[PDB]
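Novice: give the three-dimensional model of this entry:
(chains A and B)
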Amino acid sequence: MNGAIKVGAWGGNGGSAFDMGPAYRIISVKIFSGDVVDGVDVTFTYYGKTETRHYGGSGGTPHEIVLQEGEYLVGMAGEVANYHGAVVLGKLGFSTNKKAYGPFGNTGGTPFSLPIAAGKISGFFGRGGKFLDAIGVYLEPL
Amino acid sequence: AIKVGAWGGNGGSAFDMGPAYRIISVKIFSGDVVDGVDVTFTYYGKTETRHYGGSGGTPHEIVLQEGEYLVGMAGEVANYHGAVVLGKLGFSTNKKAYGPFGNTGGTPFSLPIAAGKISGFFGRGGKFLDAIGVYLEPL
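Specialist: Numbers count the residues shown, from 1 in each chain, chains lettered A, B, ... in the order given. Below, you will see the structure:
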């Protein structure tokens, strides 16, 4: 709606769908992983208030990406894996205009990659259960 | 503008179609790999055709009807004759999925478009289609 562009999601059809939308300013992403991607915390600001939304389960070790001023997310990549009979994100990583992060997780499968030649990630959607079943992104220019 | 990709290798020469008002058809030329593509589209009242990559292989045309648009692109980045090129390519419209075009396996990629459409292409081409990316537009 309102001219949104959404790409993905990559992963399985399990869990419950989530959709953050594109209205917020992402300040940090915390990927929780072990054998696979367990979940993600997305911290954002909106009208001067900071909020964190958690998607996926409670397992894994955290791996944070904190966006500096003038830093934005410009790439996402990972692996869609079969794990415990579920189709989930086995690995997940991101790139900013400053650095590459991860990928986090240890289970390979079907790779996906989102290099963004022009534009940036402005929000998330996907599916979460015990693990992070799937992830997709909203895009906007610059 | 929103440009995602390109997926593929660093060989050949860069190409950039820019965005179209409407894509009419995409013709994928393939054999062992993806040799190239023809894109026919409307642009500021004009109908235009552009060719990217080589002209080997056999053409496979996808014609987009009224109200039909491209909502996905997927493929495999393959190693072929000492080059890294598109080994397979496919597209999905809001009506049906098409492909694969090409026969060489490699590293898969996929671009499902949950909201929006492909409006144009960019990438690299030589004798084959070295790399391909897309311009995205909202619905």
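Novice: show the contacting residues for the closest residue to residue A:59 other than its chain neighbours.
Specialist: Distance criterion CB to CB, 6 or more residues apart in numbering or on different chains; nearest residue to residue A:59, sequence neighbours excluded, is residue A:38 at 4.2 Å. Placement of C-beta: from N, CA and C, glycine included. Residues near residue A:38 by CB atoms under 8 Å, 6 or more residues apart in numbering or on different chains: A:32, A:56-60, A:130-132.
Novice: next up, identify which helix or strand residue A:38 is on.
Specialist: strand A:37-46 (DSSP states H and E).
Novice: buried ones in whichever helix or strand comes after that strand, by neighbour count?
Specialist: Reading on from strand A:37-46 to the C-terminus, the next helix or strand found by DSSP H and E is strand A:49-56. When burial is assessed from 16 or more other CB atoms under 10 Å in any protein chain shown, strand A:49-56 yields the following buried residues: A:55-56.
Novice: between strand A:37-46 and strand A:49-56, find me the angle.
Specialist: 160 degrees (axes from the mean of the first three to the mean of the last three CA atoms, to 10 degrees).
Novice: for the following helix or strand past strand A:49-56, which helices and strands make contact with it?
Specialist: For strand A:49-56, the following helix or strand on the C-terminal side (DSSP H and E) is strand A:61-66. Under the contact criterion of 3 or more CB pairs under 8 Å, 6 or more residues apart in numbering or on different chains; DSSP states H and E, strand A:61-66 touches strand A:25-33, strand A:100-104.
Novice: residue A:4 contacts residue A:22, correct?
Specialist: Yes - applying CB atoms under 8 Å, one finds residue A:4 in contact with residue A:22, separated by 5.7 Å.
Novice: what do the two both touch?
Specialist: Common neighbours of residue A:4 and residue A:22 (criterion: CB under 8 Å, 6+ apart): residue A:138.
Novice: the more surrounded of these two?
Specialist: Legend: neighbour count by other CB atoms under 10 Å in any protein chain shown for residue A:4 and residue A:22, higher for residue A:22 (22 against 19).
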